[PDB]
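First, one chain by itself in structure tokens, the form deposited in one PDB entry.
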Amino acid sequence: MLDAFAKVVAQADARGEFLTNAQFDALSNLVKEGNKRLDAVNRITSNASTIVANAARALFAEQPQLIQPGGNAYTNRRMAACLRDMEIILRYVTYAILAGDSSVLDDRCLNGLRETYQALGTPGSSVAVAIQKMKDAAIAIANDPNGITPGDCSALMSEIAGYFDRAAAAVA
């Protein structure tokens, strides 16, 4: 996989060149903003269970057909599989946040997910709804001004939202 740093290095190698001052400055900036990134990952991870469970409950309340006999999340086996997926998606999203690059998410999680749900008969559109729910909750927790040194993490929240949307698009 790749993180924000390896990404720049790979692009440079393909061109056979050393990094420019602008590139060094860009990566230097990322390091300067590192604390915020760590806080976001810690905060989302520390509330992973609630984020998944709250989103799941909301999903089933809004889309009751999923939990009616015959529904795709009916039976404990399928419900467990569904909850597992939400946790898995949230897990890879947080990996992407730490890396500052979506590569790990695209490669080890989203790749072929579309096709998987299609073969199983799982409604990807509903999965996307679940992902969107975790996104809103994850960002609310990560960007909670309470209990942390005040500062602006808007760009970071924008980046985080991008990964969630990326996952939502890959399955919807």
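Whichever C-alpha set is largest while still superposing within 1.5 Å between the two forms counts as the rigid core. Residue indices: 1-based, along the sequence shown.
S.K.: Please work out which of 110 to 118 and 125 to 133 has the higher mean CA B-factor as recorded in the PDB entry.
M.R.: According to the PDB entry, the answer is 110 to 118.
S.K.: For the C-alpha atoms alone, is the average B factor greater in 50 to 58 or in 140 to 148, going by the entry?
M.R.: 140 to 148 has the higher mean C-alpha B-factor.
S.K.: Comparing against every modelled residue in the chain, figure out the third that the C-alpha B-factor of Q63 lands in (lowest, middle or highest).
M.R.: Middle third of the chain for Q63's C-alpha B-factor.
S.K.: C-alpha B factor of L19, ranked within the chain: lowest, middle or highest third?
M.R.: It falls in the middle third of the chain.
S.K.: Ranked by Cα temperature factor within the chain, is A26 in the lowest third, the middle third or the highest third?
M.R.: For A26, whose C-alpha B-factor we compare with every modelled residue in the chain, the answer is the highest third.
S.K.: Which third, lowest, middle or highest, does the CA B-factor of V8 fall in along this chain?
M.R.: According to the entry, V8 has a C-alpha B-factor in the chain's lowest third.
Form deposited in another entry: not shown, discussed below.
S.K.: Does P150 move appreciably between the shown form and the other one, meaning a CA displacement of 2 Å or more on the superposed rigid core?
M.R.: False for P150: its C-alpha shift is below 2 Å.
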